[PDB]
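Atoms within a ligand are numbered from 1 in the order they appear, just like the ligands themselves. Throughout, numbering of the chain's residues begins at 1 and tracks the sequence.
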Amino acid sequence: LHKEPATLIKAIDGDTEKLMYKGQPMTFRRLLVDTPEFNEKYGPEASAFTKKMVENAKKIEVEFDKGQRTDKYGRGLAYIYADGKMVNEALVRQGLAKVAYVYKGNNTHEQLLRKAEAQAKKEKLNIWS
Ligand SMILES: Cc1cn([C@H]2C[C@H](OP(=O)(O)O)[C@@H](COP(=O)(O)O)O2)c(=O)[nH]c1=O
Ligand SMILES: [Ca+2]
């Protein structure tokens with residue numbers, strides 16, 4: 001897999017951001033994760049976490065997997081990195097997302113995320129508390 005440049009246009013929520021990719025605005029949906037919706041428990045905290053992470057980053061990168069690059073809603077499907085740290089992984093490690101939506105051919109980082117989830121669960125973090 002390869003990291004490619006993008007620039008933040010707007011944080012949206014725990015699962016998505018508006019990013020400029022190849023000079024075109026796009027909603028990106030994070031691969032392999034599910035954050036609570038804003039009206040659910042830890043939903044606001046997941047959105048706040050991603051917002052800070054991406055807004056504070058000097059460099060945003062997107063990493064597509066081997067399979068579908070866009071979903072049925074026209075959202076890009078990627079691993080998102082903020083100054084080299086994967087936001088997808090960071091969310092799961094803090095118990096602000098579950099590993100979810102694991103489809104064959106778009107699951108390169110599945111085991112990394114599951115390890116992170118196991119640690120959040122062991123620590124009884126946020127969703128796991
Ligand atoms: C994360 C992800 C979601 N999606 C689709 C499946 C779900 O369809 P449905 O909308 O029919 O439930 C939806 C979940 O996204 P959200 O969790 O952002 O709603 O997005 C994919 O198709 N591929 C993916 O990798
Ligand atoms: Ca969601």
Side-chain angles (χ1 to χ4, degrees):
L1 302 193
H2 306 289
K3 289 172 198 184
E4 294 174 64
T7 69
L8 181 61
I9 290 167
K10 193 192 26 173
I12 300 167
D13 61 19
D15 293 325
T16 67
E17 277 94 32
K18 192 145 285 271
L19 298 181
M20 193 184 285
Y21 171 68
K22 293 265 199 56
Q24 302 304 335
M26 283 181 66
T27 299
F28 279 82
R29 175 65 168 70
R30 275 178 256 298
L31 275 173
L32 302 189
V33 302
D34 191 42
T35 60
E37 293 288 312
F38 188 84
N39 46 299
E40 293 180 293
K41 195 163 165 54
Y42 303 104
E45 291 76 6
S47 296
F49 182 84
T50 64
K51 181 186 208 310
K52 174 192 162 110
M53 194 163 173
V54 292
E55 280 179 5
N56 290 2
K58 294 180 181 185
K59 181 170 62 175
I60 295 297
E61 292 173 289
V62 300
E63 175 186 67
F64 296 102
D65 211 322
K66 299 284 191 161
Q68 242 69 61
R69 293 203 166 183
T70 58
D71 67 8
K72 64 173 168 182
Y73 300 115
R75 307 182 292 182
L77 294 175
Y79 310 105
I80 310 301
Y81 293 83
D83 290 338
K85 204 195 205 311
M86 201 200 306
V87 178
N88 314 45
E89 186 194 3
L91 272 163
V92 177
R93 185 60 188 68
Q94 287 314 300
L96 289 172
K98 285 175 178 183
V99 177
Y101 295 107
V102 180
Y103 301 92
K104 47 174 53 194
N106 264 357
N107 72 327
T108 300
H109 297 309
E110 177 179 8
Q111 290 311 303
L112 180 81
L113 297 199
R114 287 194 180 293
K115 179 55 167 297
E117 186 177 275
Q119 303 166 294
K121 202 169 312 194
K122 181 69 177 178
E123 295 167 10
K124 290 190 168 63
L125 277 184
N126 297 303
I127 69 190
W128 307 113
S129 65

Ignoring hydrogens and geometry, is there a side-chain-to-backbone donor-acceptor pair from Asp65 to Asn107 under 3.5 Å? yes
Of all pairs that satisfy salt bridge (charged side-chain N to carboxylate O under 4.0 Å, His left out), the ones with a partner from residues 74-83, not counting sequence neighbours: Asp71-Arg75
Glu17 and its side-chain contact (heavy atoms from CB on, under 4.5 Å) partner, picked from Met26, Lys10, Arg30: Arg30
Nearest to the Ca ion (ligand 2) - the N/O/S atom of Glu37, by atom name: OE2
At the Ca ion (ligand 2), OD1 of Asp34 and OD2 of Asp15 open up to roughly (10° bins) 110°
Heavy-atom cut-off of under 4.0 Å around ligand 1: list whichever protein residues fall inside it, by chain and number. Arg29, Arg30, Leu31, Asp34, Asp71, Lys72, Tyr73, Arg75, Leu77, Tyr101, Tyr103
Does anything in residues 86-97 form a salt bridge (charged side-chain N to carboxylate O under 4.0 Å, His left out)? List the pairs, not counting sequence neighbours. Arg93-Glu123
Mind telling me whether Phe28 and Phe64 have parallel, tilted or perpendicular rings, with 30° and 60° as the class edges? tilted
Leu91-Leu31 co-clustered via ILVMFWY side chain contacts under 4.5 Å: no
Can you list every salt bridge (charged side-chain N to carboxylate O under 4.0 Å, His left out) pair that touches residues 112-121, not counting sequence neighbours? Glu110-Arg114, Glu117-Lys121
Of all the atoms in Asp13, is at least one N, O or S atom closer to the Ca ion (ligand 2) than 3.0 Å? no
